[PDB]
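Chains as they are written, first to last, in the authors' numbering: chain A, 3 to 258; chain B, 3 to 259.
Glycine included, each C-beta is placed from N, C-alpha and C at the ideal position.
What follows is a short report on a single structure.
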Amino acid sequence: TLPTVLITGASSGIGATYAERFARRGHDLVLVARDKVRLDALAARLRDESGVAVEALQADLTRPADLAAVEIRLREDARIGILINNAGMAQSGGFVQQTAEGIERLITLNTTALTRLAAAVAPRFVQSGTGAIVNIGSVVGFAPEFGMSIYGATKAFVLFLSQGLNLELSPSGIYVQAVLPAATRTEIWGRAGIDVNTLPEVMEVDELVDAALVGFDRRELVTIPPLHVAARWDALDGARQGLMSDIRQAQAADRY
Amino acid sequence: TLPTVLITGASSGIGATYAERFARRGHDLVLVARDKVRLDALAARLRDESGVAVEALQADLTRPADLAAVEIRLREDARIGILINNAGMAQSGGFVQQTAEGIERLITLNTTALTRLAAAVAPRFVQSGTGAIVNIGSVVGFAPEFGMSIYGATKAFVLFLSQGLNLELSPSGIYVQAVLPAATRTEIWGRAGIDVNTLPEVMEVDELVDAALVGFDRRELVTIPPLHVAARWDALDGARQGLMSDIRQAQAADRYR
Ligand SMILES: NC(=O)c1ccc[n+]([C@@H]2O[C@H](COP(=O)([O-])OP(=O)(O)OC[C@H]3O[C@@H](n4cnc5c(N)ncnc54)[C@H](OP(=O)(O)O)[C@@H]3O)[C@@H](O)[C@H]2O)c1
Ligand SMILES: NC(=O)c1ccc[n+]([C@@H]2O[C@H](COP(=O)([O-])OP(=O)(O)OC[C@H]3O[C@@H](n4cnc5c(N)ncnc54)[C@H](OP(=O)(O)O)[C@@H]3O)[C@@H](O)[C@H]2O)c1
Numbered sequence: 003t004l005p006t007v008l009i010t011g012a013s014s015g016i017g018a019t020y021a022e023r024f025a026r027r028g029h030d031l032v033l034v035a036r037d038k039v040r041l042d043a044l045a046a047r048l049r050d051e052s053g054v055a056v057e058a059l060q061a062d063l064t065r066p067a068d069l070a071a072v073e074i075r076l077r078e079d080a081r082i083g084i085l086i087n088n089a090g091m092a093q094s095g096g097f098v099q100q101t102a103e104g105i106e107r108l109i110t111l112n113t114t115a116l117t118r119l120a121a122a123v124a125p126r127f128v129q130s131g132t133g134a135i136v137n138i139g140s141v142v143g144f145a146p147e148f149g150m151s152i153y154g155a156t157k158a159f160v161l162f163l164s165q166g167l168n169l170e171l172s173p174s175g176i177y178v179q180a181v182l183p184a185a186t187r188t189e190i191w192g193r194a195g196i197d198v199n200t201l202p203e204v205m206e207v208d209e210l211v212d213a214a215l216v217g218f219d220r221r222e223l224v225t226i227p228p229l230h231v232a233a234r235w236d237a238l239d240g241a242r243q244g245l246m247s248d249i250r251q252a253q254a255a256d257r258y
Numbered sequence: 003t004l005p006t007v008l009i010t011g012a013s014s015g016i017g018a019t020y021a022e023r024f025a026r027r028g029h030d031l032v033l034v035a036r037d038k039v040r041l042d043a044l045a046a047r048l049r050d051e052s053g054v055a056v057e058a059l060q061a062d063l064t065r066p067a068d069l070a071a072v073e074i075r076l077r078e079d080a081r082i083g084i085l086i087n088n089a090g091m092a093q094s095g096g097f098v099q100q101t102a103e104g105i106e107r108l109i110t111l112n113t114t115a116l117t118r119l120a121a122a123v124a125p126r127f128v129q130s131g132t133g134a135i136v137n138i139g140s141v142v143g144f145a146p147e148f149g150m151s152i153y154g155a156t157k158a159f160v161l162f163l164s165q166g167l168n169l170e171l172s173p174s175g176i177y178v179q180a181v182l183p184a185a186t187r188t189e190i191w192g193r194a195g196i197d198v199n200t201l202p203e204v205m206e207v208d209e210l211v212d213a214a215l216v217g218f219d220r221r222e223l224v225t226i227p228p229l230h231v232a233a234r235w236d237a238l239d240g241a242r243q244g245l246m247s248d249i250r251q252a253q254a255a256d257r258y259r
């Protein structure tokens, strides 16, 4: 029997296409987002088209009580063996046009909620010796130049967390994937007050998810569909380790 | 007249040494942390020894009302021209031993509060055409191997935010520095349930801060005192840009069909 997949941000975009795709592979699903009505239509379609069980679970992951209720479900339901931590939003406007409320929301959703859901399944996954956590990062986490300083910071967070979780949890049989899209045709752009049609280039959501799932089936750790030269990843990671090899912690460097 | 410095996490460790050092340079100070009694003693010492004004400002930066009150003070007080976003904590235990409450606290302090205080001064700094934001990251943000997956993530956040803020704000005359210590002899270790004496090597807090301040005086963007070969930073940043140069966004790469 195939594991049930809990997907956050399942109501649209990358989340919704993951849901469609996993339903077509034969997995039962738990779909979470705020828009209950839209989730109930999507769930019904997938139950009908694919014959799997699909539950629509309303939750605002920036509301403490909703998040806690999703944590509970992840801790307690042994059927759930794949977590897609996909729910996320971009930044609207530059740094000075940010608000305290907006910063709170962006960080809580993209970072705190994602990390907490992963922490809700990890103990159970360790005990069973199996499980999968797919975290959606972004190419923007490599690009302070893109101009979304906070959002990009949240996505650097998600990449790093994913790397760290792999090292901690793969020895207990857990797969931890970071998936890093670049511009993809979803509701994120309009949510942030950007017209998606003004971006030079944008990937279709079907093509991104199928690429991501090729990565998933190969059990790839870091999956970057729009990166046309794979070895740039290895070179980035090498330079990171290279830097780490020349840390001497007892004394400040001569130049200081 | 020299700008007043607001320092978070001023009651001990790196924050407290920054406070001592900036007081000796002649700056007035606003010191923030939870331990009011300890802040009042430090403030009194610095007023007496150095003859600058020093205000002790109690705040738990994980409590919404306290954080909002510090934001207000940063927005409204034109004297404050340097922000040291130093308050932070490490992770206690591995990922499976984490708690919802502990995750909330660690991320809120190291990330949300830091970002919000920076956002509280930036508009005023942009308007005045001057100002400085010093964010304390960590070498651990380069090291998923170190085993603190959440804490390290918060420090990858702080580095990235710093880089982004530099590009957004230096054109308006703002200096944004990321300071990245490695193991340094402060209260962070005991807070996390680690005996600092079991670490192979640990830098004295005086030496770290003085190194950081050499960086600050040279207006260096990314300052990593324990990195003995500077060019490893440039090579990391190059590889990052190298990767960015080979992103083609319309189509998935051949290896994914
Ligand atoms: N260009 C791209 O699309 C792109 C590129 C790289 C990475 N990403 C990442 O991809 C992920 C998916 O976003 P998308 O592109 O698929 O955008 P999307 O169409 O806006 O989907 C976002 C999903 O997250 C849910 N969500 C938003 N706020 C929420 C909240 N407070 N609580 C619970 N759920 C919430 C949304 O449903 P409700 O609004 O009904 O809650 C929606 O299903 C994000 O993490 C994003 O950072 C996107
Ligand atoms: N090895 C290292 O020490 C090392 C290496 C790299 C980076 N860092 C970074 O250096 C920074 C300073 O830490 P440290 O090494 O100096 O440790 P520290 O001695 O524990 O100092 C932490 C300071 O932040 C304050 N703080 C803690 N929780 C707080 C809260 N909720 N609200 C407001 N303030 C709070 C503390 O005072 P109260 O508890 O009285 O509130 C204290 O003044 C951190 O951002 C840390 O991540 C440290």
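Can you check which of these residues, the options, is closest to residue i by C-alpha distance?
i, options, result
"B:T113", "B:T101, B:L69 and B:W191", "B:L69"
"A:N168", "A:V211, A:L63, A:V224 and A:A214", "A:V224"
"B:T110", "B:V39, B:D62, B:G143 and B:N137", "B:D62"
"A:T64", "A:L31, A:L119 and A:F218", "A:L119"
"A:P202", "B:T117, B:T101 and B:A252", "B:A252"
"A:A214", "A:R27, A:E206 and A:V181", "A:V181"
"A:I82", "A:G53, A:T132, A:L245 and A:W235", "A:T132"
"A:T188", "A:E206, A:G195 and A:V178", "A:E206"
"A:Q165", "A:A155, A:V178, A:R221 and A:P173", "A:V178"
"A:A12", "A:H29, A:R27, A:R40 and A:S174", "A:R40"
"B:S52", "B:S14, B:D236 and B:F24", "B:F24"
"A:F218", "A:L238, A:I176, A:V198 and A:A158", "A:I176"
"B:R26", "B:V56, B:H230 and B:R36", "B:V56"
"B:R234", "A:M246, A:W235, A:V231 and A:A232", "A:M246"
"A:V142", "A:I226, A:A232, A:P173 and A:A89", "A:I226"
"B:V123", "B:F159, B:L76 and B:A155", "B:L76"
"A:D79", "A:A46, A:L8 and A:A115", "A:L8"
"B:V231", "A:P228, A:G244, A:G195 and A:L238", "A:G244"
"A:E222", "B:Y258, B:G195, B:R220 and B:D239", "B:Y258"
Below 8 Å on the Cβ atoms is my contact criterion, and I expect residue i with residue j to pass it. Report the Cβ-Cβ distance as a whole number of Å.
i, j, result
"B:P183", "A:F162", "That pair is no contact at about 17 Å."
"B:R250", "A:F144", "No, B:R250 and A:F144 are not in contact; Cβ-Cβ is about 14 Å, not under 8 Å."
"B:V136", "B:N87", "7 Å"
"A:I152", "A:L210", "No, A:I152 and A:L210 are not in contact; Cβ-Cβ is about 23 Å, not under 8 Å."
"B:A21", "B:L44", "7 Å"
"A:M150", "A:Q93", "4 Å"
"B:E170", "A:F97", "5 Å"
"residue 263 of chain A", "B:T117", "Here chain A comprises residues numbered 3 to 258, so residue 263 of chain A is not present and cannot be evaluated."
"B:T19", "B:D208", "6 Å"
Any heavy atom of ligand 1 closer than 6 Å to the beta-carbon of residue i?
i, result
"A:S14", "yes"
"A:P183", "yes"
"A:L85", "no"
"A:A58", "no"
"A:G11", "yes"
"A:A213", "no"
"A:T132", "no"
Going by the C-beta, is residue i closer than 6 Å to any heavy atom of ligand 2?
i, result
"B:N88", "yes"
"B:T64", "yes"
"B:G17", "yes"
"B:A35", "yes"
"B:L111", "yes"
"B:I105", "no"
"B:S140", "yes"
"B:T188", "yes"
By a C-beta neighbour count over all protein chains shown, 10 Å radius and 16 as the cutoff for buried, is residue i buried or exposed?
i, result
"B:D256", "exposed"
"A:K38", "exposed"
"B:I84", "buried"
"B:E103", "exposed"
"A:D30", "buried"
"B:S140", "buried"
"B:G28", "exposed"
"B:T186", "buried"
"A:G17", "buried"
"A:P66", "exposed"
"B:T101", "exposed"
"B:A58", "buried"
"A:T6", "buried"
"B:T156", "buried"
_Ordered list of alpha helix (DSSP H) runs contained in the region 189-246 of chain B, each at least 4 residues_ = Correct list: 190-193 and 207-219.
*Please list the segments of the beta strand (DSSP E) lying wholly inside the region 97-162 of chain A, counting only runs of 3 or more residues, in order along the chain.*
List check, beta strand (DSSP E) in window: 134-138.
*Entirely within the region 32-103 of chain B and at least 4 residues each: give me those alpha helix (DSSP H) ranges in chain order.*
The qualifying runs are 38-52 and 66-78.
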